[PDB]
Structures are given as C-alpha cells and as structure tokens.
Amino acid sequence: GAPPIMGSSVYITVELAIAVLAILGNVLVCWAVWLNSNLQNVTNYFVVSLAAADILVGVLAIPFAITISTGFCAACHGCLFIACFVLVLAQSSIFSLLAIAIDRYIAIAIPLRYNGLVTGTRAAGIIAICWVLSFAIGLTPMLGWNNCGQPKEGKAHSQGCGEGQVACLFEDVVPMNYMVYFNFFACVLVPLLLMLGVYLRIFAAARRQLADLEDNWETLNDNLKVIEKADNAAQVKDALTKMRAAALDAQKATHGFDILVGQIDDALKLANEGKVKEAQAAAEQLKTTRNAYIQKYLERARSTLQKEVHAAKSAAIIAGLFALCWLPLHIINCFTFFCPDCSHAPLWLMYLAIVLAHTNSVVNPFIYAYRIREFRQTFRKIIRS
C-alpha cells in the first residue's frame, strides 16, 4: 500500500490553506464591525459571534483535525476533547444563524417596537448563553456518553500506546448514536428546519406587506376614477368614506396625509348637502396632493421593504451554505449508523467531506462583501489603509 504520509500531505495542506482563509476573512468581519459604527447593530453582533466561531475553527479546530489524522496515542478524554471541540463551534454557529433569522423576522413583522424589543445589551447576553450551551451540547461525550469504557486495546497496542492511552480516532471515541440522534437530528437538523420556517414567514410577511401597500394605492386611484361619474348625488359619499379609511390604513403603516385626509373630508361635507357637482370639483384636489406627497411615501416604503428582503435573502444564503457544507458529513454518519452492512465511505471522500465542512468558515466574509454595500466599502478602506 502507498505511504499514508503522501496522501496526508494533500489533506494537511488543503486544511492549512482553509485555516489561513478562515482567520483572515473573519478577522476582517470583526474589524469592520469594530470600526464602522453603521455596522454596529444587534444583527451584526451575531455576525461577529459567527465569525468568532469561524476564527476558532482555523485557530484550533483545523489543527485538531490534522492531529487526529495521524492517529496519535493519547488518553481517551483528552482525545475526546480534540474530536469534539469542533461540535462546540458548529453548535455555536447554529445558534447564531437562528438568532439572525429571528432578528430579521422581528424587524419585518413588528418594526414599530423593534427598537424597544431587540436591545444591544440583551443580544450580548443571548450570545453568551448560546456559547455556554454550545460547550454543553458539543462536549456532551465528555460527560459520559462516549466509548472510553470499551477501548480498542488491540489498536492501542498495535501502535504502542502507553497505559491508559488509546489510538485517537473520532469514530473510536465518539458513539455514532450521539452523532446521529443527539448532534445531527436534535441539535442541527431541527434548528435548521426551524430556521427554514422563520425565513418562510419573513418572505411571506414581506410579500404580503408589498401587496398590502399597493392595494391602498389601487383603492386610492380606483375610487378617484369613480367619483367623477356618479349617478346618485351622494354616490361619491361611498367612494369618499372608503378613501378616508384607505388613507388612514396606509398612514398607520409608516404632513402630506393631513393635507390628503383634510381634502377628503372637504369633499365629504359637500356630499352631506347633496351638492354633487361641487364635491366632484373638490375631489380632484386629491390628484395634486397624491402626486407630490403620497406617491413618494409609496415609493419610499416599497424601497425600504425591498432592502429588508434583500438583507433577509443575504442571511438566508449564509444558513443555506452552512447546511450544504455540513450535511455530507452528517449523512455519512447516518449510513455508518443505520446500515452496518453497507460499504463505509472511503478515506478520500471522508477528507473531502471534512474539508467541505471547514470551507463554510471561509464563505461568510465573501457573502457580506458581495451582498452588503456597507460591509464592502469598509473592507476596502481597511485594506487601502
């Protein structure tokens, strides 16, 4: 058989290439948030909490993965920490991803009291609590749910491990039922589905508001084309009482309205006196008020919704890339567990799956750089100076 040092050289160098990209790219994220005050908000705090996980992936987790690739002798609980620490960072990433989506829902759903609800110092507390839980979840094997009780003594003596030591291998110390049932199903798969459900609600609530706003603009123009051809002298009272509610229904969304509703009740009084031809003249004052004031609100509020949807889509790419990079490893675990008769995945595909999961730590800085204008210009200034 070919020497394992040669095949490891490709894996180790590709691993070291990723760690350099992971650290550099995400230090740039934190650096941009520490400087540009316009990026300092609750959403980007979870982003920095996310980048910090990715930095630690390159600083500690990737070096660990290289060390296990050797199969070095070590005490079981020590090896158990090397093999599990990446689960802590990966769990921290999920909590950060779920926080980002929930924050975006709160902003798109109830924007009126978002500033009072989502606080800067409350996010710091949530981030802290999520990091503590991530150590608890990721280091659960160290609490007893491990295979240190039944070591492979034959593999340990084959490689000359000392007393109380074992050949360090992820599958040899971490039980596959923890990985599939506890880690993947409950602490990875369910939160991603919940995340997916939140994003469905955001895009639905966004699409509805964008419709809800235009139905007022259609009711305001259609009723403006009904008043000037009315058989009954008080028929326009129907189209004016409905426009008063439609103007207030759009005024509750987000000076020119007091001019609009003021002209509304002016033509409404002329409908209570049967003067149809004179209210029809007063009903055309609204056309001038609409073009100068109301249409601008429609366009500003349609632009703000679009900017939130775009920011909602940008965060959704991040969570989607997370699943794309980690699912292969999780599914590989699902086959080994649920099918002891199947052929176990070769070592080259494993390394491929492992490298794929580490690459997720490099793609987050390129997304903000390509999809967020404020992040992009801050990234350039840091490098230019």
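What we label the rigid core is the largest C-alpha set whose atoms superpose within 1.5 Å from one form to the other. So that there is no doubt, residue numbering starts at 1 and follows the sequence shown.
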Out of 232-240 and 131-139, which one drifts farther from the shown form in 7 other deposited structures of this protein in terms of CA positions, with the fit done on the rigid core? 232-240
With everything overlaid on the rigid core, name the stretch, 215-223 or 273-281, whose CA atoms wander farther on average in 7 other deposited structures of this protein. 273-281
Decide, for the other PDB entries of this protein that were compared, whether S93 is missing from at least a third of their models. no
At least a third of the other compared entries: do they leave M195 without coordinates? no
Residues without coordinates, deposited sequence, stretch from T121 to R122: is the count none, 1 to 3, 4 to 9, or 10 or more? none
Got a sec? Mean C-alpha B-factor, which is higher, 88-96 or 257-265? 257-265
So 275-283 or 311-319, which one's hotter by mean CA B-factor in the entry? 275-283
Among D212, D103, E171, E153, the highest C-alpha B-factor in the PDB entry belongs to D212
Selection from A239, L139, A186, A109 [criterion: highest C-alpha temperature factor in the record]: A239
Split the chain's modelled residues into thirds by Cα B-factor; is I127 in the lowest, middle or highest one? lowest
Test of reading the entry: by CA B factor among the chain's modelled residues, which third contains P175? lowest
Quick tally, chain-level thirds of C-alpha B-factors: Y114 sits in the highest
The third of the chain into which the C-alpha temperature factor of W217 falls is the highest
Hey, what third does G149 fall into on Cα B-factor, ranked over its chain? middle
